[PDB]
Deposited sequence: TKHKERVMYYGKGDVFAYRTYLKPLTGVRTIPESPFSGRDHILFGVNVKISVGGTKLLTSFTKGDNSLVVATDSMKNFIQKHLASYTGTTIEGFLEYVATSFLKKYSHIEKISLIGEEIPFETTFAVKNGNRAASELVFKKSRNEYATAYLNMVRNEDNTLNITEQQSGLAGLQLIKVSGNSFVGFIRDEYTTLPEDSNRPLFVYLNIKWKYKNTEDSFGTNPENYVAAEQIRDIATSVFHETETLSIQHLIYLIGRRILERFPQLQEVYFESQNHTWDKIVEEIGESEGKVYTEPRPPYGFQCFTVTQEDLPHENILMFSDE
C-alpha cells in the first residue's frame, strides 16, 4: 500500500445551483434540493509510483502538501457549477489528475453535512425559513469515487458508489425473530413481537456512472428517496429478521430505480430489552448484517 491525503475537509457552500427535475417515487416526496446551504466533508487519497521516494528518501519534490489538497477541494467547491456531491467529486478528481500528472490514482469520499428547514413567521403565517437552518446529526448522504490515469493518459472512473448513512429506525411492533438455532450457546428467547431497532447504511451503484452526477436529474437516485423507501418497506413488512428486512428494502430500491446495478446494506441490531410496556437499553454487544442485492 502507498497513498496519502487529507481527511475531514469540511466545506460549506451557500447558493449552489439547485437540484431540480428529479424523478419522484411513491414512497418519497423528494423532488430536489434548494441548495441555499450545501455542506460536505471530503476525504481525498492519491497514489502513484512516483511517490515512492517521498517515503524511501524523504524527498518532498513530488509531494502535493496535504494542506494544499484541502485548499484544492475548497476552491473547487467555490467554482463547481453542478448540483450533487457525486458530480462535485468527479469535478475534483478530474481537475486534480489534470493538474498533477505524476499522480496515477485518486479516491474521494464526500459526506453530506445535512441541514433541516425551520419555522419562521413571515408577516402573519408560519413558513419554512430561507435563512435559518438546523444542523442535523442524523442520517446523511455519502458518495465515493475512484479515478485513475491510464497508460494512454486517458482518465477513467474505476469505482463509484452513493449511499445513505446513519439511518436509525425502530418499529414498535410487527417484527419477529423465531426459529433460529437453539443449542448449548443459545440463551436468546424467541420473540414473536419485538420493537426491532436497526441502524442502516445503504449504498448503491449505478449501471451507468453518468447517472450519478445529476446532469440529467431524471436518472439521479437521491438518498432522501432511499430513506423513505426503507421506512416504507419497514412499515409494510412483518419482519422475520433484519436479514429478511434488508433484502426486501433492497428489492424495492432496485424495482423503483432500474438504472441501479446493486444495493449494499450494513445493518446493526440495537433492539431494547423488555423489562404499559417498558423497555431499556441493552448491553453493548450489537448484531450486524452485510448484504448486497443486485438488479
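- Coordinate coverage of the deposited sequence breaks at 1-6, 282-289, 310-323, these segments carrying no C-alpha atoms.
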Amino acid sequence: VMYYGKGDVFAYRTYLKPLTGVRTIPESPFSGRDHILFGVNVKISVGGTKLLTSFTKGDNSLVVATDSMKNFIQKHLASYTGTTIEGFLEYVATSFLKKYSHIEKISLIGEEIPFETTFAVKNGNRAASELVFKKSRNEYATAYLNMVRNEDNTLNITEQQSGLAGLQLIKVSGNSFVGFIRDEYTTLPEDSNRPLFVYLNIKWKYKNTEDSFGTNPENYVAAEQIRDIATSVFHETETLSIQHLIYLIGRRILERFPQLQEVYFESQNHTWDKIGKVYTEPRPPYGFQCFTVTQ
From here on, numbers count along this sequence of modelled residues.
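For clarity, a rigid core is taken as the largest C-alpha set superposing within 1.5 Å between two forms.
- Annotation: of the segments 198-206 and 147-155, 147-155 departs further from this form in 7 other deposited structures of this protein (C-alpha atoms, root mean square over structures and residues, core superposition).
- On average the C-alpha atoms of 23-31 have higher B-factors than those of the other stretch, with 23-31 and 233-241 being the two compared.
- Of the two segments examined, 71-79 and 213-221, it is 213-221 that shows the higher average Cα temperature factor in the deposited entry.
- Based on the entry's C-alpha B-factors, the most elevated value among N138, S176, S107, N123 belongs to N123.
- Highest C-alpha temperature factor among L188, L200, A127, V172 per the entry: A127.
- In this PDB entry, the Cα temperature factor of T292 sits in the middle third of its chain's modelled residues.
- Per-chain ranking of the deposited C-alpha B factor places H102 in the highest third.
- Split the chain's modelled residues into thirds by C-alpha temperature factor. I85 is in the middle one.
- For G58, the recorded CA temperature factor ranks within the highest third of the chain's modelled residues.
- Among all modelled residues in its chain, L260 ranks in the highest third by Cα B-factor.
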